[PDB]
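Coming up is one lone chain in structure tokens, specifically the form deposited in one PDB entry.
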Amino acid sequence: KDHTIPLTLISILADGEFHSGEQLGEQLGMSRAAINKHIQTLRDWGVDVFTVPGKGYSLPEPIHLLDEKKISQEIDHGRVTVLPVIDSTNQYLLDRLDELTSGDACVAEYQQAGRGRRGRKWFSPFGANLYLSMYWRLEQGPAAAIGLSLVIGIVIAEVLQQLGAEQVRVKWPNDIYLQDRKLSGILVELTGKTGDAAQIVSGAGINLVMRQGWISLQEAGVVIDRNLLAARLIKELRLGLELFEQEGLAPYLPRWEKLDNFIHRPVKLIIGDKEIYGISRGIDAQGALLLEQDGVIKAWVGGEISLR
């Protein structure tokens, strides 16, 4: 049944402040007697309404109304948007940083300008692979994005493992590997201030279809509906990040050890155009890379790990 007028009426009084029959009549476009009549319906609904005689109405105390969007977000800790065509899922969230909350996600079917790490281009054919991005605000500094990327790699690799691909491994600071071949590229981008929060948009591109250095989930004997895989990743990533927010990197230290593709192996550390050679010894308790050169282990807080 149409209850539009009483429902609009209660939303104007939900603040608990004083509301005059004249102002109500202006907003609702109704007479003062009819405004009173629709106040009368509300009291028949069990709403306590105070009637100041001749001046207007007020609620005893402010009331907060039910909202689908508010309820869903607390259920979800984030929204999801599907884009058929976009330049990049990372760029879509980056363009809307002022309006995002931690957990907001974004999946695309086709990326017109998918981006890699070093200015590389991510080939994103329509409806073939997964092109996902999610936003997260870290109250810790921009240096917390290292743990961000490490947690993301652990979560993504774990989710793939529960779906069949038991030999999926991670790469410091962000990539997913399988049989020493790149299966998914992660691109974590950040704008922040030291001593303050950091807004992070992380984007994952997972090779699902085959089309020497690259591998696909099809080549692993794993076939998944993209909607199911995307939903599982968004759900698990959201849970992993809030755990990282409240407990830090400590829960993920044993998990990184089980998943590191390059631990105790000869690797290449890439910073700028430099190339540092050594044996990887995992990560430290703060997510810094532990790289052994000539028997000496030094901690690195930046760069990329490569194969040798």
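Start at 1 with the first residue shown and count on from there. Superpose the two forms; the largest set of C-alphas matching within 1.5 Å is the rigid core.
Although it is not shown, the form deposited in another entry is what the next lines describe.
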{"item": "Core-superposed comparison between this form and the one not shown: the option from 107, 154, 229, 143 whose CA moves 2 angstroms or more", "value": "143"}
{"item": "Core-superposed comparison between this form and the one not shown, residue 57 Cα displacement 2 Å or beyond", "value": "yes"}
{"item": "C-alpha of residue 254 off by 2 Å or more between this form and the one not shown on rigid core", "value": "no"}
{"item": "Shift of residue 70 between this form and the one not shown at or above 2 Å (CA, core fit)", "value": "no"}
{"item": "Residue 196 and residue 172, C-alpha gap in the other entry relative to this structure (3 Å or more)", "value": "farther"}
